[PDB]
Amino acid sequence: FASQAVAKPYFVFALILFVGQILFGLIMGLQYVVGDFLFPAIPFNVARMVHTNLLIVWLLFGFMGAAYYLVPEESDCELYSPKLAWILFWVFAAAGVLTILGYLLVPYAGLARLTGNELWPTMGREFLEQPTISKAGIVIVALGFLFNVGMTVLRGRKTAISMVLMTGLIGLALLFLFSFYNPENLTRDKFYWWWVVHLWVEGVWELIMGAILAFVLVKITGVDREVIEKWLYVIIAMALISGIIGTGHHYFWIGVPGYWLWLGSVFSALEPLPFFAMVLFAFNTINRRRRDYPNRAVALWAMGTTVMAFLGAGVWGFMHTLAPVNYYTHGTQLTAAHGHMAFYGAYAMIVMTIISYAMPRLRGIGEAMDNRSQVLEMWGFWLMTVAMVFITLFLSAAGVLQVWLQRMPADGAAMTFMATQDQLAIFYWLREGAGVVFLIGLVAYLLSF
């Protein structure tokens, strides 16, 4: 199928933006330990919002591209609108780029003023720092996309893969609506904030990744459609079942009733399950091949992604999801550690899993690259992957050291924020190091093209 041609820009643009994310992560990582680095010009809070908004946005481009590609194979027909796919690309790229720039080129508050935040306040919330106009831009682009791709599954086959990925996307769009809801009451604010972040990341995205993964197994393997989709259904079932009440894990210390400590810890315990079964899925349907597949780089990506998703979201999430542990660890380098591996492990990795699949057969090259461009990919796989397990280790080491020095002693013996921060330097230095390894590993993954 031809009009899968549209999926390229989205990937390519996504790769660029993700280079951006790293440099800014690298700035922050330096600012930790050289605390005035690039101050006043680029304060920590600006670098962060660039780092974290480039993450969200690039992953979206990945997702979309992914949809634009696999849907038409699944749907058995050409995509509804290539022109809408191309137009949207530019709107959404223009919007991402313009808003990152606002962050850099104007002090946040003046940017508030400038975009008339005054009218309908939505800025200044973690991951929701974009002006109310950029949010709406993001919304419009999303709705057009659902239309373009959703229209493609009304006419045409309905696989379970497409159905499930479609549910995936629609939910992502709808929940993103709560970003326009900014309650005057602080605890009510945080309460609904989590309906975006967590309902995204432990619920509705899981559908998007599962479906993306299920697709790649099907094609990469030959294994029967009926078992993959049966499995695909099992995994989301466990995701939704554990994840919806699970949002309780974010509900311990914010103002909402105590019963959340119980509900949240109980259901949270179950949340690694989808991810484990995701590793089972991975190995077992890429255990029993109807054919050896030219690209063993997709295989790897597919396994790695499930494995990493499980260590990061699965294992690291459990470590600190029970209330009595969370009580001390909440809002700590342990939080940074989990956030990193899990986002990398599930969502970064899956985006590249598909890229490795779609890309060759998109520049019309073939089902894989020349062995030169294959061993590069695998090197880039291993540098980035290893680097991240390193990044999270140093971060955990620093988290645990923070909890010991600041959280556990009583008043008077607990060390101040800024002073325990200084003891942690060595870890942050090593963290920068792993961060450098990563960039190099991205650059390799890139030069595989």
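All residue numbers refer to positions in the sequence shown, first residue = 1.
Comparing 196 to 204 with 92 to 100, which stretch shows the greater average C-alpha B-factor in the deposited entry? Looking at the recorded C-alpha B-factors, 92 to 100 comes out higher on average.
Item to check | Between the two ranges 107 to 115 and 80 to 88, the one averaging a larger CA B factor in the entry | outcome: For C-alpha atoms only, the mean B-factor is higher in 80 to 88.
ask   = Based on what the PDB entry reports, which of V227, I254, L177, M209 has the top C-alpha B-factor?
value = That would be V227.
Checklist entry - Among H330, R188, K135, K158, where is the Cα temperature factor highest, going by the PDB entry? => result Highest CA B-factor of the listed options: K158.
Open item on the list: Taking only the Cα B-factors deposited for this chain, tell me whether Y32 sits in the lowest, middle or highest third.
Closed with: Its C-alpha B-factor belongs to the lowest third of this chain's values.
Next item on the list: Consider only the C-alpha atoms of the modelled residues in this chain, order them by B-factor as the entry records it, and name the third containing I220: lowest, middle or highest.
Entry: Highest third.
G380: which third of its chain by C-alpha temperature factor? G380: CA B-factor falls in the highest third of its chain.
Which third, lowest, middle or highest, does the CA B-factor of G441 fall in along this chain?
For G441, the deposited C-alpha B-factor lands in the highest third.
Could you place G246 in the lowest, middle or highest third of its chain by Cα temperature factor, using the values in the record?
For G246, the deposited C-alpha B-factor lands in the lowest third.
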